[PDB]
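> Dropping a structure here in structure tokens format, bear with me for questions.
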Number of protein chains: 2
Amino acid sequence: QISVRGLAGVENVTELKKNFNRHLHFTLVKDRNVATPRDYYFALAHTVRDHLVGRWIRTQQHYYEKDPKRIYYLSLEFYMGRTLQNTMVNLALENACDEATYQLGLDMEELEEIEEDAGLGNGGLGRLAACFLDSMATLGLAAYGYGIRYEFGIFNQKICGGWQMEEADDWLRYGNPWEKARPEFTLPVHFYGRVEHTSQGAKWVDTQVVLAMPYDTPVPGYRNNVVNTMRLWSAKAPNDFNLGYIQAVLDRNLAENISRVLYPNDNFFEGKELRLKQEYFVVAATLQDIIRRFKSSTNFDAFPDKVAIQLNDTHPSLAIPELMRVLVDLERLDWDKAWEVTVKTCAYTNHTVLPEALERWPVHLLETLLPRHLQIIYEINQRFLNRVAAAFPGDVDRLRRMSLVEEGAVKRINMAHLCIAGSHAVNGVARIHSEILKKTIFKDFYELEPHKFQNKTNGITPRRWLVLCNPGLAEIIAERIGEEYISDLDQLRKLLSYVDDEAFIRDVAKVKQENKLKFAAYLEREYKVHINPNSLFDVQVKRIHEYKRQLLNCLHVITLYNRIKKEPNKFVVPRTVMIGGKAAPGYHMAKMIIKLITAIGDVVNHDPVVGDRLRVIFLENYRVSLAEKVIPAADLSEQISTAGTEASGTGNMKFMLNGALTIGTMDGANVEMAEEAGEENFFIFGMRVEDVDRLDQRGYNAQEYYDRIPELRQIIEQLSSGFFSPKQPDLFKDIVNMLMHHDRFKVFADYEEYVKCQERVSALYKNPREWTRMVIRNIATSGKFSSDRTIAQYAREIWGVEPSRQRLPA
Amino acid sequence: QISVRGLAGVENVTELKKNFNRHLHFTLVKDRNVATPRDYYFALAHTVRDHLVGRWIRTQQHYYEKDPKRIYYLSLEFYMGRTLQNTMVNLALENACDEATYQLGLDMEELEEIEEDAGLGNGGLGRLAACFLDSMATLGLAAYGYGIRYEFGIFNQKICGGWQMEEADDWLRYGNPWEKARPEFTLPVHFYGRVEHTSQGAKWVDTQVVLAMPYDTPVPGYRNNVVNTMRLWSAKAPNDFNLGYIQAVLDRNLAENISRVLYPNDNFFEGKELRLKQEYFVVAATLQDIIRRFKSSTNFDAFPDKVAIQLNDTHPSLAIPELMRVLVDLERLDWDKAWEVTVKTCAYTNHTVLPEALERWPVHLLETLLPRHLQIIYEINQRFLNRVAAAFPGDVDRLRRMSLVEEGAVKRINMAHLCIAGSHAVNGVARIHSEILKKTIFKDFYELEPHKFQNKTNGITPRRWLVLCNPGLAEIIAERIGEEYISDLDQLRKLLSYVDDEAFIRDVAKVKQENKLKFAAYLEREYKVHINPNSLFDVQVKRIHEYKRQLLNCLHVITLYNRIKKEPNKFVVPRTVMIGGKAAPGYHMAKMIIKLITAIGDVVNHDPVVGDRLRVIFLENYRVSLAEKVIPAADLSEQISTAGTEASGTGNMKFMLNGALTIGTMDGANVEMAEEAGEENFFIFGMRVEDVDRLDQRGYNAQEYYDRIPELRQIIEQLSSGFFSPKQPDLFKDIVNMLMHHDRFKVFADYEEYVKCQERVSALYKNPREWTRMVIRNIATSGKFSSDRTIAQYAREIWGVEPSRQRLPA
Ligand SMILES: O=c1[nH]cnc2c1ncn2[C@@H]1O[C@@H](COP(=O)(O)O)[C@@H](O)[C@H]1O
Ligand SMILES: O=c1[nH]cnc2c1ncn2[C@@H]1O[C@@H](COP(=O)(O)O)[C@@H](O)[C@H]1O
Ligand SMILES: OC[C@H]1O[C@@H](c2nc(-c3ccc(O)cc3)n[nH]2)[C@H](O)[C@@H](O)[C@@H]1O
Ligand SMILES: OC[C@H]1O[C@@H](c2nc(-c3ccc(O)cc3)n[nH]2)[C@H](O)[C@@H](O)[C@@H]1O
Ligand SMILES: *Cc1c(COP(=O)(O)O)cnc(C)c1O
Ligand SMILES: *Cc1c(COP(=O)(O)O)cnc(C)c1O
């Protein structure tokens, strides 16, 4: 059908059909007469999986023979989404599978919709890990992702009476055809116990044992025949565990709970014992696997030449003391040699500066759960502080600030400080964020060891986020500049020579229009809701958080509503305002924001004077598969965090690649996006980081904005008096009180500039030709935001390995 | 190699090899260079499974089209053992698979040993269910086994310091290639709640819901291309279950515990709420499935013409009130019509008369868990007792005895009485047991409804228990009389014409000798123990229970030891005495018996004066796969329960088929075995049922036997004084005290006759020719004990269906 989806050769189509029928009969044990669409999805998934297998075996064989440096990417989260289509794209099988299924009387698009998301992350951090795995495979790196196979991923969100309800995401109910259990490589993980000191060093004894069973998932590179591995650990009780009899067997659940559920917090630290168990579980199993692989090739001097460990935030930070434990207690290396090896092996990526997101574990938890690790942490701290004292003699306050051990009512370990001490490289995830790290929270560490600190601006994979989700746009691009851009996204710059080409302008606008119609129909079918597809699609999708300022968007929506009601017979550019995202279950204010958004919709969408000039839709259950649908349909991307708070963002980049314009603050990667595209092709507004700092020094007083801006006062009076909640007039008083008296994110301070900037958006949308030309300028300069670029930088500047675009033999 | 294992044609061998390599590569994702023997086992299992699939689909299709009467066999236990070899035997693939694997450089016997037993039962009751499934498929019946897929089956037994230790049987750890999950046919099961009475009948409301997910396992018939289904239910929480957030997800375990573990009691009732949940779970899910299948063909008058439900003891007895609940509350049938349908549909098999084994559930448990069922039970009882009062007017004591509701400190429901009331047929499992039912515990019911009471003597499948475990014996039989006996075991009578044939005598003895050498080598390899394979192999394997009288065997072993020590230079026939079996974890006396057996071994096996004339071995972890090894090697089968206590026995029959002679009491099926073979060809001893009754009327006084039999007094003094436990002289005082003062099973009363009978065994063993002739007479008359005979009787006399030996097309 379309070129970028590959060839549908007669031999290949015939073979796919044979194998589909083979799997339906033998694997699924169904005949066509009772097969459901789910059976057909599974038969197709098994058919496509068979094509991965040979490449997977050959790739892993190739690494055993060549013995390259291995990259281990450790994360508590891998937000993978669906696998079927991505696998077909990466193996060039999409058109052949389409044809094969078409000839069997089936619609492949319908079958794709049956697959569950692998929702093993919360948002951006977990999705970054997934994009990175795709880029590492595409760049031929001998890379392994290591994590936890949660039985329950991020909860499914239902909206009932305008409120978020949570349901368990039982993603494994029907089976997962992509994984392979490897019960043969099961490893023990120790907890509790105590330390005894012999003449032959320390011994960690009387421990409870939980088994870590690995499940392997293939990670195909883009058309290079490389298939890497994502290894996820599941918790199993040993068979003598607790061994009246019946109760002992039922109590195996206590051990197996470690891998049961993903903690559903985004940018928030919850210091619970179960979470600490999860962190150690992943680290201890992974490190044993790493060392096993290293020994199958005494001399740990070469360990950093053969192994890189990348810590995805501090969540796997126990890798540092665990590596020391193994090297010192088990392999009998002297402390200094072990520390040298550890530092050269480990690197740390920071993803946030919000204080409530930083992991600070109570000493009493570590003392009970991991007594040997606590001793090792204390020794690291004493040796580290001795270096600080030698470099900055007499600076006693610096010793207190830099300590791994925080004093207070409860003594805590600062895991970020541990990661900096024990890593040869520390990076932020966008230029402004990496600068903030050096100037504020890690300033002291930067002064001691400036060479450690780097930037690696985030990216997204153009396979999933262009080719897979927006084939129409991929194709019209490919017609002009060929297919090479899919693995070399900088080639999109060539599109700048088509900015005045009438046919290209028309095609870009046509693809957007098609995507909007398709999404408007999706909404009607699955959610009984009717939207005008000629309206500007104004989209804010991301987790619900005060710092992301969904509330600022709400204030603009109410402003538009009030302006319409004031002058109903004036023309306004029609908008469909779509907001979606999950709130963490314990985050009360985030749950109230969801309720406000639905309550605004309840008023706006049923006011006959508004008509179809303004609609407000809350998009339920925002997740990777919904992102793939809504992002290609968007006109305007809302990226409106308070300057200094969004470390990078990656949704921002997805929208840029897919032909939306951006309204945003100079925060995270928005700064670099604006720089690449030109500030004239971006809708920038609001306080810069420096302006936020100036306000904080003077003191933020929200009342000043309320007193000076009549349109804002009207909105607050509407919220307070029960206009958006007639039956419960005080329902939103917590929101009003926060905005007026303890708003950490200065919503009112950016309100006037935001509304004015939104008026400029509407003015440009009225001139479709100029809107579309600006879009071309954004798509054309989005190349920097490929995760292939990001990963090549990690590879060269941190891991010390050279990427490769060369194909393994088929 | 041997004829009964089928053809190894070049085409078939080539195809099996191709498919083996296909599964190793694609299914297991291994290459030969890292494959372990476990990988090879799985590749073979998947290869053999592929041959079942077409037949399974066609069989189930055939039943949908023909719509025969369906037989539903409901059991809490299915003791299946291993599947690989049985599948090969039933599909005539054994020699081809042997050849295929041989050409790949692998030993198929070694691969078979890797498979885990499916240990989803305790002993005889669960194993009977498994034999029955094999016979139902072999006889072409449209039969379904329904049960629970326990995550943990019967515990693995380890012996430490002579004591039983229990370990969880994590049988699913490496996967089960035989099952197919069917998450699409998941059904809800209700618990707790309350009953409200509308004008439109009763409604069971406010219930907790647990989901029942089915897993299907194929059950191949013997060379007839029939493949029936065993459907096992697994418990799943619904996704809104308990829905802070983390705890709600972890608490899903409370619902899922229902299918977690098999209760490990044999012939003992433990009235725990979890067990009641298991019983209702299996019944409620199964009955919905039955009704669904019936409707896919208003008129419940035809229900008993299309459906038979066989209750395997009272464990699934809630089927009776559940069927009434569905018919009356949901389908709106009048009570009398529903009861007619229920009675005509259900039949009940009793497997024990021991009072501590009978299920008597406290009313307070049923009231809380199953309030509607309790109401229905009360209504059944009132209507039933009205019939009793009309038939036997004024007999008030009979009303009390026959009531379903037992009065007392705690009110209980007698589930056996419920089953009799609600079934059209009630059977025992051997002639003497069925007579005991009519004369003693069910006498009142027999007088009311004599037509209900039947006998169906138990049997064993000759596929598993001859062809599979003893190919050498199967072959030498087949050389004389052909292969037809494998599905028509009565043809073994033809062997009586070879009782004086010198070559047949030699071959029978040769096969036994080979089996003994093979078992003696197995013992050495796996358990570091050295036995004389020229000794008489004296074997007692079965669950440890006071009624089975392992203690009587112990008394004989000590008697032999003491006789040797008294006259060391006299010849005695050498014996290896082997005792094995599991004790229920809470059954203290059974655990003490195990310790006594090992303690006797500790003395006897290390006494240099004994030499290799007497060895006592405790066979660890007795289970189906160990039975398949030890039974073909046995010379003497110990079946020595107190008369009136072993309802049938089935181990007894396994030994008879495999060329052991039997020493036993006139109990259970031993009576019928002796009748078939001739009493002259059986070593019968001890009290008959009538003699036990006479002793009970006079009063059993164990002291009388102690005072009169010096050899017995010596043994008791050795036990009491610490001869078998020097470091803990009082270790066995509980055993001595029980034997002397509260022995319900009259061990001392059969001691003298048992020892004298054992002397006759030894005398015959000295004349190998006459021993072997007696063996031929036993094997030749074992035909009655085929489960094919048993199932044909159930089919004709209870279910109203005709068996068939006709083949479905291949
Ligand atoms: O002893 C060996 N001989 C040959 N290949 C090996 C051996 N050990 C590991 N491998 C290769 O590496 C394995 C990949 O798994 P890993 O050992 O977890 O990296 C297999 O797929 C083999 O291809
Ligand atoms: O609607 C139908 N059309 C054709 N065959 C059916 C239908 N429903 C059930 N079957 C057959 O019976 C099924 C066996 O599963 P069951 O329905 O659980 O007995 C399938 O394997 C089909 O062969
Ligand atoms: O760099 C990729 C993403 O990491 C996100 C981010 N997520 C988290 C986090 C997640 C879970 C948790 O328990 C604790 C913190 N920190 N930072 C950033 O907010 C986003 O700006 C960035 O693009
Ligand atoms: O008829 C086959 C077998 O059932 C055995 C038997 N097992 C049980 C039982 C099992 C588990 C349980 O929880 C409660 C009772 N009752 N009867 C008999 O003892 C045996 O003689 C018979 O051959
Ligand atoms: C990309 C993505 C995110 C991150 O979006 P931000 O706007 O950068 O917070 C979150 N959730 C999902 C499902 C995503 O695909
Ligand atoms: C046959 C069998 C039984 C029943 O044996 P009995 O001697 O009749 O109690 C118990 N366990 C296993 C493993 C069996 O194969």
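A note on labels: chains of the structure tokens are A, B, ... as shown, every chain counts residues from 1, and ligands are counted from 1 in their shown order.
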How would you report the residues lying within 6 Å of ligand 2, as an NGL selection string, if you count only C-alpha atoms and all ligand atoms?

(:A and (33)) or (:B and (57 or 60-61 or 64))

> Kindly work out which residues sit at most 10 Å from ligand 1, using only C-alpha atoms and all ligand atoms, and give the list as a PyMOL selection string.

(chain A and resi 56-65+144+182+185+216+229+231+289-290+292-294+296-297) or (chain B and resi 29-35)

> Keeping N, CA, C and O atoms, export the residues of the selection given above as a tab-separated table (two decimals), in the first residue's frame.


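Saved as again32.tsv:
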chain	number	residue	atom	x	y	z
A	56	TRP	N	17.57	-13.10	16.96
A	56	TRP	CA	17.85	-13.01	18.39
A	56	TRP	C	18.96	-13.96	18.81
A	56	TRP	O	19.90	-13.57	19.50
A	57	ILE	N	18.85	-15.21	18.40
A	57	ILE	CA	19.87	-16.22	18.68
A	57	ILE	C	21.22	-15.82	18.07
A	57	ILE	O	22.24	-15.90	18.75
A	58	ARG	N	21.21	-15.38	16.81
A	58	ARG	CA	22.46	-15.02	16.10
A	58	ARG	C	23.13	-13.78	16.69
A	58	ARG	O	24.36	-13.70	16.76
A	59	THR	N	22.31	-12.79	17.09
A	59	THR	CA	22.84	-11.60	17.72
A	59	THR	C	23.55	-11.96	19.03
A	59	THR	O	24.66	-11.53	19.26
A	60	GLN	N	22.90	-12.72	19.90
A	60	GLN	CA	23.47	-13.06	21.20
A	60	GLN	C	24.73	-13.95	21.04
A	60	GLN	O	25.70	-13.77	21.76
A	61	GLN	N	24.71	-14.83	20.04
A	61	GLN	CA	25.88	-15.64	19.64
A	61	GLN	C	27.03	-14.72	19.21
A	61	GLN	O	28.15	-14.87	19.66
A	62	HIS	N	26.72	-13.75	18.35
A	62	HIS	CA	27.69	-12.78	17.86
A	62	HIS	C	28.38	-12.02	19.01
A	62	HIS	O	29.59	-11.85	18.97
A	63	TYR	N	27.62	-11.61	20.03
A	63	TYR	CA	28.22	-10.92	21.18
A	63	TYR	C	29.12	-11.84	22.02
A	63	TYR	O	30.14	-11.41	22.53
A	64	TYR	N	28.74	-13.10	22.15
A	64	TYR	CA	29.59	-14.06	22.85
A	64	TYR	C	30.96	-14.23	22.15
A	64	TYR	O	31.98	-14.27	22.81
A	65	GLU	N	30.95	-14.26	20.82
A	65	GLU	CA	32.17	-14.46	20.02
A	65	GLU	C	33.05	-13.23	19.96
A	65	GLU	O	34.25	-13.33	20.17
A	144	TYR	N	21.73	-4.27	27.11
A	144	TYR	CA	20.72	-5.06	27.85
A	144	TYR	C	19.93	-4.13	28.74
A	144	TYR	O	20.53	-3.34	29.46
A	182	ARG	N	12.95	-17.79	31.57
A	182	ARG	CA	14.20	-18.50	31.62
A	182	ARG	C	14.45	-19.01	33.04
A	182	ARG	O	15.42	-18.60	33.68
A	185	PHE	N	17.94	-19.73	34.64
A	185	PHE	CA	18.91	-18.71	35.09
A	185	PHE	C	18.43	-17.97	36.35
A	185	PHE	O	18.80	-16.83	36.59
A	216	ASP	N	12.87	-12.96	29.34
A	216	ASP	CA	13.57	-12.19	28.30
A	216	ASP	C	12.61	-11.76	27.19
A	216	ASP	O	11.81	-12.57	26.70
A	229	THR	N	18.21	-7.79	24.08
A	229	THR	CA	17.39	-8.40	25.14
A	229	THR	C	17.02	-7.39	26.21
A	229	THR	O	17.85	-6.58	26.63
A	231	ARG	N	15.75	-7.95	29.92
A	231	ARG	CA	15.61	-9.03	30.92
A	231	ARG	C	14.89	-8.48	32.16
A	231	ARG	O	15.37	-7.56	32.80
A	289	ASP	N	24.16	-11.44	37.30
A	289	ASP	CA	24.10	-11.78	35.88
A	289	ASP	C	25.24	-11.13	35.12
A	289	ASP	O	25.88	-11.78	34.28
A	290	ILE	N	25.53	-9.87	35.43
A	290	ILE	CA	26.62	-9.12	34.83
A	290	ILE	C	27.96	-9.79	35.11
A	290	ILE	O	28.78	-9.94	34.20
A	292	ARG	N	28.54	-12.94	36.11
A	292	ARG	CA	28.57	-14.25	35.44
A	292	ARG	C	29.04	-14.12	33.99
A	292	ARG	O	29.94	-14.83	33.57
A	293	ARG	N	28.45	-13.19	33.25
A	293	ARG	CA	28.74	-12.94	31.85
A	293	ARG	C	30.17	-12.46	31.67
A	293	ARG	O	30.84	-12.91	30.74
A	294	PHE	N	30.65	-11.60	32.57
A	294	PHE	CA	32.06	-11.15	32.58
A	294	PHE	C	33.08	-12.29	32.80
A	294	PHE	O	34.17	-12.29	32.20
A	296	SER	N	32.67	-15.49	32.07
A	296	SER	CA	32.60	-16.41	30.92
A	296	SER	C	33.17	-15.79	29.63
A	296	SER	O	32.46	-15.68	28.63
A	297	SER	N	34.45	-15.42	29.65
A	297	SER	CA	35.12	-14.75	28.52
A	297	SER	C	36.49	-15.37	28.25
A	297	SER	O	37.37	-14.72	27.70
B	29	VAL	N	13.67	-21.18	21.86
B	29	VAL	CA	14.67	-20.14	21.60
B	29	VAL	C	16.04	-20.53	22.15
B	29	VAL	O	16.67	-19.77	22.90
B	30	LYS	N	16.48	-21.74	21.80
B	30	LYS	CA	17.82	-22.26	22.13
B	30	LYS	C	18.47	-22.78	20.87
B	30	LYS	O	17.78	-23.18	19.94
B	31	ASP	N	19.80	-22.81	20.81
B	31	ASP	CA	20.51	-23.62	19.80
B	31	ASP	C	21.12	-24.79	20.53
B	31	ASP	O	21.23	-24.74	21.76
B	32	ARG	N	21.49	-25.84	19.79
B	32	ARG	CA	22.06	-27.08	20.36
B	32	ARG	C	23.25	-26.80	21.30
B	32	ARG	O	23.45	-27.55	22.25
B	33	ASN	N	24.02	-25.74	21.04
B	33	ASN	CA	25.24	-25.46	21.82
B	33	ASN	C	25.03	-25.08	23.28
B	33	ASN	O	25.92	-25.30	24.10
B	34	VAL	N	23.88	-24.50	23.62
B	34	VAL	CA	23.55	-24.21	25.02
B	34	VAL	C	22.34	-24.99	25.57
B	34	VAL	O	21.97	-24.79	26.72
B	35	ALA	N	21.76	-25.89	24.77
B	35	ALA	CA	20.59	-26.66	25.21
B	35	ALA	C	20.97	-27.66	26.30
B	35	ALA	O	21.98	-28.35	26.20

> Nearest to chain B: which of A:532, A:586, A:125, A:12 is it, counting only C-alpha atoms?

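Answer, going by the shortest atom-to-atom distance: A:586.
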
> Residues within 7 Å of region 661-672 of chain A, please, as a list in words. Count only C-alpha atoms; anything in the same chain fewer than 6 positions from it doesn't count.

residues 430, 432, 433, 635, 636, 637, 638, 639, 640, 641, 643, 644, 646, 647, 648, 649, 682, 683, 684, 685, 686, 688 and 775 of chain A

> Selection from above, N, CA and C atoms, as a PDB file, in the first residue's frame, can you write it?


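Dumped to part07.pdb:
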ATOM      1  N   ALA A 430      18.494  17.692  29.639  1.00  0.00           N
ATOM      2  CA  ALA A 430      18.340  18.812  28.697  1.00  0.00           C
ATOM      3  C   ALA A 430      19.309  19.891  29.136  1.00  0.00           C
ATOM      4  N   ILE A 432      19.226  23.155  29.825  1.00  0.00           N
ATOM      5  CA  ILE A 432      18.865  24.022  30.948  1.00  0.00           C
ATOM      6  C   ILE A 432      18.881  23.242  32.295  1.00  0.00           C
ATOM      7  N   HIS A 433      18.418  21.989  32.274  1.00  0.00           N
ATOM      8  CA  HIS A 433      18.401  21.131  33.445  1.00  0.00           C
ATOM      9  C   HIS A 433      19.830  20.794  33.915  1.00  0.00           C
ATOM     10  N   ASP A 635      -3.089  19.782  16.709  1.00  0.00           N
ATOM     11  CA  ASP A 635      -2.629  21.027  16.090  1.00  0.00           C
ATOM     12  C   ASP A 635      -1.708  21.815  17.018  1.00  0.00           C
ATOM     13  N   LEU A 636      -2.053  21.852  18.307  1.00  0.00           N
ATOM     14  CA  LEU A 636      -1.341  22.651  19.282  1.00  0.00           C
ATOM     15  C   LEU A 636      -0.966  21.781  20.467  1.00  0.00           C
ATOM     16  N   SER A 637       0.330  21.807  20.786  1.00  0.00           N
ATOM     17  CA  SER A 637       0.950  21.069  21.866  1.00  0.00           C
ATOM     18  C   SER A 637       1.192  21.979  23.078  1.00  0.00           C
ATOM     19  N   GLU A 638       0.619  21.632  24.219  1.00  0.00           N
ATOM     20  CA  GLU A 638       0.679  22.484  25.418  1.00  0.00           C
ATOM     21  C   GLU A 638       1.818  21.962  26.281  1.00  0.00           C
ATOM     22  N   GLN A 639       2.850  22.800  26.453  1.00  0.00           N
ATOM     23  CA  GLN A 639       4.053  22.421  27.205  1.00  0.00           C
ATOM     24  C   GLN A 639       4.383  23.568  28.141  1.00  0.00           C
ATOM     25  N   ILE A 640       3.648  23.631  29.252  1.00  0.00           N
ATOM     26  CA  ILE A 640       3.463  24.895  29.971  1.00  0.00           C
ATOM     27  C   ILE A 640       3.855  24.821  31.455  1.00  0.00           C
ATOM     28  N   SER A 641       4.807  23.949  31.758  1.00  0.00           N
ATOM     29  CA  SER A 641       5.377  23.826  33.089  1.00  0.00           C
ATOM     30  C   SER A 641       6.044  25.148  33.518  1.00  0.00           C
ATOM     31  N   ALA A 643       8.882  27.472  34.523  1.00  0.00           N
ATOM     32  CA  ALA A 643      10.312  27.408  34.148  1.00  0.00           C
ATOM     33  C   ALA A 643      11.152  26.870  35.315  1.00  0.00           C
ATOM     34  N   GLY A 644      11.995  25.894  35.015  1.00  0.00           N
ATOM     35  CA  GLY A 644      12.853  25.257  36.020  1.00  0.00           C
ATOM     36  C   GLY A 644      12.362  23.934  36.589  1.00  0.00           C
ATOM     37  N   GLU A 646      10.282  21.173  34.596  1.00  0.00           N
ATOM     38  CA  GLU A 646      10.255  20.010  33.699  1.00  0.00           C
ATOM     39  C   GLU A 646      11.692  19.742  33.213  1.00  0.00           C
ATOM     40  N   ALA A 647      12.329  18.672  33.703  1.00  0.00           N
ATOM     41  CA  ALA A 647      13.764  18.481  33.455  1.00  0.00           C
ATOM     42  C   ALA A 647      14.045  18.480  31.963  1.00  0.00           C
ATOM     43  N   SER A 648      13.216  17.771  31.192  1.00  0.00           N
ATOM     44  CA  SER A 648      13.290  17.795  29.750  1.00  0.00           C
ATOM     45  C   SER A 648      11.918  17.872  29.122  1.00  0.00           C
ATOM     46  N   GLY A 649      11.084  16.878  29.411  1.00  0.00           N
ATOM     47  CA  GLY A 649       9.938  16.600  28.591  1.00  0.00           C
ATOM     48  C   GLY A 649      10.344  15.747  27.416  1.00  0.00           C
ATOM     49  N   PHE A 682       7.764  29.204  17.100  1.00  0.00           N
ATOM     50  CA  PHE A 682       7.390  28.636  18.385  1.00  0.00           C
ATOM     51  C   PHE A 682       6.590  29.691  19.151  1.00  0.00           C
ATOM     52  N   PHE A 683       5.586  29.267  19.897  1.00  0.00           N
ATOM     53  CA  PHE A 683       4.769  30.184  20.688  1.00  0.00           C
ATOM     54  C   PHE A 683       5.281  30.184  22.117  1.00  0.00           C
ATOM     55  N   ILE A 684       6.299  30.998  22.358  1.00  0.00           N
ATOM     56  CA  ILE A 684       6.943  31.073  23.659  1.00  0.00           C
ATOM     57  C   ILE A 684       6.266  32.135  24.489  1.00  0.00           C
ATOM     58  N   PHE A 685       6.048  31.836  25.763  1.00  0.00           N
ATOM     59  CA  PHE A 685       5.519  32.809  26.708  1.00  0.00           C
ATOM     60  C   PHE A 685       6.059  32.557  28.131  1.00  0.00           C
ATOM     61  N   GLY A 686       5.861  33.565  28.964  1.00  0.00           N
ATOM     62  CA  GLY A 686       5.978  33.402  30.394  1.00  0.00           C
ATOM     63  C   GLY A 686       7.346  33.658  30.985  1.00  0.00           C
ATOM     64  N   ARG A 688      10.925  33.218  32.418  1.00  0.00           N
ATOM     65  CA  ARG A 688      12.144  32.400  32.331  1.00  0.00           C
ATOM     66  C   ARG A 688      12.571  31.998  33.753  1.00  0.00           C
ATOM     67  N   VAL A 775       4.474  24.788  10.520  1.00  0.00           N
ATOM     68  CA  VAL A 775       4.564  23.352  10.800  1.00  0.00           C
ATOM     69  C   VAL A 775       5.743  22.702  10.069  1.00  0.00           C
TER      70      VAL A 775
END

> So which residues touch residue 488 (chain B) within 9 Å, counting only C-alpha atoms, skipping near sequence neighbours fewer than 6 positions away, as a PDB file with N, CA and C atoms, in the first residue's frame?


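As a result, part.pdb now contains:
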ATOM      1  N   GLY B 783      -7.582 -59.694  34.812  1.00  0.00           N
ATOM      2  CA  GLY B 783      -8.395 -58.981  33.824  1.00  0.00           C
ATOM      3  C   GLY B 783      -9.594 -58.222  34.365  1.00  0.00           C
ATOM      4  N   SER B 786      -9.194 -54.298  35.322  1.00  0.00           N
ATOM      5  CA  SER B 786      -9.087 -53.207  34.375  1.00  0.00           C
ATOM      6  C   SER B 786     -10.151 -52.143  34.664  1.00  0.00           C
ATOM      7  N   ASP B 788     -11.230 -50.336  32.462  1.00  0.00           N
ATOM      8  CA  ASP B 788     -12.139 -50.427  31.318  1.00  0.00           C
ATOM      9  C   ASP B 788     -13.400 -51.195  31.692  1.00  0.00           C
ATOM     10  N   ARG B 789     -13.256 -52.248  32.513  1.00  0.00           N
ATOM     11  CA  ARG B 789     -14.405 -53.012  32.990  1.00  0.00           C
ATOM     12  C   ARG B 789     -15.241 -52.139  33.937  1.00  0.00           C
TER      13      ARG B 789
END

> Counting only C-alpha atoms, give me one row per residue of chain A with an atom at most 7 Å from an atom of chain B, showing the shortest contact pair and its distance in Å to one decimal, sorted by chain then residue number, as a tab-separated table.


residue	atom	partner	partner_atom	distance
A:26	CA	B:50	CA	6.1
A:29	CA	B:53	CA	6.5
A:50	CA	B:26	CA	6.1
A:53	CA	B:26	CA	6.4
A:166	CA	B:243	CA	6.8
A:167	CA	B:240	CA	5.3
A:168	CA	B:239	CA	5.2
A:174	CA	B:183	CA	6.2
A:183	CA	B:174	CA	6.2
A:239	CA	B:168	CA	5.2
A:240	CA	B:167	CA	5.3
A:243	CA	B:167	CA	6.5
A:245	CA	B:585	CA	6.6
A:249	CA	B:168	CA	6.9
A:250	CA	B:257	CA	6.9
A:257	CA	B:250	CA	6.9
A:585	CA	B:245	CA	6.6
